[PDB]
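K.L.:
This is the structure, below, for whatever I ask next.
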Amino acid sequence: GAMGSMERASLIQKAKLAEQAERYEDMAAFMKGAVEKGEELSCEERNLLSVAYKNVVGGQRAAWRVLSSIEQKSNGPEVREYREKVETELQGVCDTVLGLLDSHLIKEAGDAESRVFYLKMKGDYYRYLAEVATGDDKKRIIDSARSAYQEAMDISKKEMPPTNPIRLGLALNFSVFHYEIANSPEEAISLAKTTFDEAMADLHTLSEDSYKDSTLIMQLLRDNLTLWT
Amino acid sequence: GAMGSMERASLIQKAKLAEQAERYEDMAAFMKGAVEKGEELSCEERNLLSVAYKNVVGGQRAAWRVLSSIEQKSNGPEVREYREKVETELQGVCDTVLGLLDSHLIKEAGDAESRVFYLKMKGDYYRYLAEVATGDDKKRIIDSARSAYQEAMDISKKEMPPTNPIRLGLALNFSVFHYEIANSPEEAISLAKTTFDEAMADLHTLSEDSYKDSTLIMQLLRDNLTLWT
Amino acid sequence: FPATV
Amino acid sequence: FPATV
Ligand SMILES: N=C(N)c1cc(-c2ccccc2)c(CNC(=O)c2ccc3c(c2)CCO3)s1
Ligand SMILES: N=C(N)c1cc(-c2ccccc2)c(CNC(=O)c2ccc3c(c2)CCO3)s1
Ligand SMILES: N=C(N)c1cc(-c2ccccc2)c(CNC(=O)c2ccc3c(c2)CCO3)s1
Ligand SMILES: N=C(N)c1cc(-c2ccccc2)c(CNC(=O)c2ccc3c(c2)CCO3)s1
Ligand SMILES: N=C(N)c1cc(-c2ccccc2)c(CNC(=O)c2ccc3c(c2)CCO3)s1
Ligand SMILES: N=C(N)c1cc(-c2ccccc2)c(CNC(=O)c2ccc3c(c2)CCO3)s1
Ligand SMILES: [Cl-]
Ligand SMILES: [Cl-]
Ligand SMILES: [Mg+2]
Ligand SMILES: [Mg+2]
Ligand SMILES: [Mg+2]
Ligand SMILES: [Mg+2]
């Protein structure tokens, strides 16, 4: 680890600086170093990890889609080669994240809160691998994403209220997985709708801070439901 | 050169793909490889080179400003260290570009068009070095930027019409150099104003395609003049 | 594209 | 910040 000689606290601090500077690759490298210190991540630190890698892989996915569209229209080796290059880089980021989760964030997550957070991430990064996969490996990746998501759902329903923003974000993303990856649009609609309704019925228990948090994600659930119905 | 084994045409093609994918680091690496083939760059290729590195160093400058602001407010070692890291990376991109210009784009530019283009770039990348420099090295960098810009101005005035977009962009940037780097705001105002007026008086000679090109940069000249007066 | 968080 | 191209 190139970050192995830096203090954990300094790495968290610099991750927060990288975020202010919109330096998300740096941010992710800092949080990888923090994770590799072997101590558990706080809620804020989990958000820093998730934000950094979501931005990094987000840009790679956007690039991959542009190139894949160009590739499909043109169907020399260049378009394919360059798509493959971005694809390989994207798969390596996903492998890096899944490696952190597997060694050893998930097993050391002794709370429902932290374990759900990491299990959702695991489903997300398998989902991103699924988006670019193209064979019998695609089916294994799809099932691995579903299993991770579903385990997070089971825990979240036992241990978190229906307005918890991590529970809500989990359901939002699992729903998109069903729609876009699993060819299960009915499942996607049913999950987003049930999640939205159960959250709405719980808003009356929330302080003003929590209300803002939950309603932000409810908005995204409705946006997707409006696309799909 | 990691790009040394790729065909020149393939590198240009992939630079254009990287641009569509907003992959500007890749774009710049591709155009560096193209430049290192040793053949001259076409007008389109010069634009591809300039766009790629402007985006890369643009993001570094934006990051450096954010961190420098944070540093100045806080005035542990972390803010300084991370600013220094971005700064060093920014200086390395500038050195890479100046190295391409010096070896051997400028000397092999046998046209006024191409030589002005490269001399403007040289002033820009010395300008970007000046923005982060902090000593007797700062003064040498400032004078080197001015000398590059002024040589480009001399050639452009002899060999290009006052509406040529490279002449216009040169003057725009040289003007900003005077205002922001050289503490010569009067010079900056006089150059932007004279450039704007002489271009306006030449618009009547332009086809509709050229008119759009020149008026786009005239807009930027006025925007700066509106800031400064 | 649908929203994810 | 002023405009450059
Ligand atoms: N430095 C950051 N980025 C964050 C730091 C914290 C934090 C700080 C202190 C304590 C605990 C947590 C965050 C909490 N999470 C969100 O606010 C949030 C996350 C994702 C998301 C939305 C909102 C809306 C769209 O998707 S984020
Ligand atoms: N139990 C809860 N309800 C929460 C507890 C904490 C917390 C925990 C420890 C320390 C400080 C704060 C939360 C901080 N906020 C988030 O983590 C967050 C995450 C994703 C997200 C949003 C908010 C809004 C949209 O998407 S929320
Ligand atoms: N396939 C389904 N289950 C649905 C079928 C229908 C329906 C009825 C008549 C005609 C066609 C479709 C639906 C209507 N739409 C919603 O109820 C709805 C939309 C957005 C939204 C929420 C709810 C909650 C948060 O944001 S949903
Ligand atoms: N692939 C690209 N990006 C470009 C390709 C070409 C080109 C194509 C074929 C032949 C010759 C040149 C460009 C010409 N230059 C501009 O259009 C331009 C450049 C900078 C600028 C503005 C406009 C407005 C703000 O700053 S740009
Ligand atoms: N002699 C001229 N007037 C031009 C000649 C060519 C050209 C040359 C060879 C092949 C094809 C085209 C131009 C292409 N356009 C630009 O290079 C350009 C650059 C910067 C810029 C803008 C436009 C608009 C705003 O900023 S312009
Ligand atoms: N210091 C200077 N030389 C100037 C001094 C004054 C002035 C006069 C009275 C009061 C204060 C200032 C100026 C007025 N402003 C412009 O003429 C102007 C502004 C924007 C613009 C253009 C021209 C052309 C393209 O976009 S300019
Ligand atoms: Cl490639
Ligand atoms: Cl650092
Ligand atoms: Mg320590
Ligand atoms: Mg534990
Ligand atoms: Mg060849
Ligand atoms: Mg020559």
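Don't overthink the numbers, they just go from 1 along the chain as shown.
Yeah, the Cβs are placed from backbone N, Cα and C, and that goes for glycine too.
According to the PDB entry, the protein has these features:
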type: SEQADV; residues: A:1-5; note: expression tag
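Feature table excerpt (Swiss-Prot):
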type: MOD_RES; residues: A:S10; note: phosphoserine
type: SITE; residues: A:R61; note: site 'Interaction with phosphoserine on interacting protein'
type: SITE; residues: A:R127; note: site 'Interaction with phosphoserine on interacting protein'
K.L.:
Which site among A:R61, A:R127 has the most other CB atoms no more than 10 Å from its CB, taking these as recorded sites?
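P.N.:
Counting Cβ neighbours within 10 Å, the top one is A:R127.
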K.L.:
Using Cβ atoms only, which of the recorded positions A:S10, A:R61, A:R127 are under 8 Å from chain B?
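P.N.:
Filtering A:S10, A:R61, A:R127 for a Cβ under 8 Å from chain B leaves A:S10.
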K.L.:
Round to a whole number and give the Cα-to-Cα distance in Å for the pair A:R61 (site 'Interaction with phosphoserine on interacting protein') and A:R127 (site 'Interaction with phosphoserine on interacting protein').
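P.N.:
A:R127 (site 'Interaction with phosphoserine on interacting protein') has its Cα 11 Å from the Cα of A:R61 (site 'Interaction with phosphoserine on interacting protein').
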K.L.:
Just to be sure I understand the packing, how many Cβ atoms besides its own are within 10 Å of the Cβ of A:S10 (phosphoserine)?
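P.N.:
The Cβ of A:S10 (phosphoserine) has 18 Cβ neighbours within 10 Å.
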K.L.:
State the Cα to Cα distance, in Å, between A:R127 (site 'Interaction with phosphoserine on interacting protein') and A:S10 (phosphoserine), rounded to an integer.
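P.N.:
Distance between the two Cα atoms comes out at 32 Å.
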K.L.:
Just to be sure I understand, if DSSP states are collapsed into helix, strand and coil, how many residues of the expression tag (A:1-5) fall in each?
P.N.:
0 helix, 0 strand, 5 coil
K.L.:
Where 7 intervening residues lack coordinates, what is the integer distance in angstrom between the Cα of A:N75 and that of A:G76?
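P.N.:
Distance between the Cα of A:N75 and the Cα of A:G76: 11 Å.
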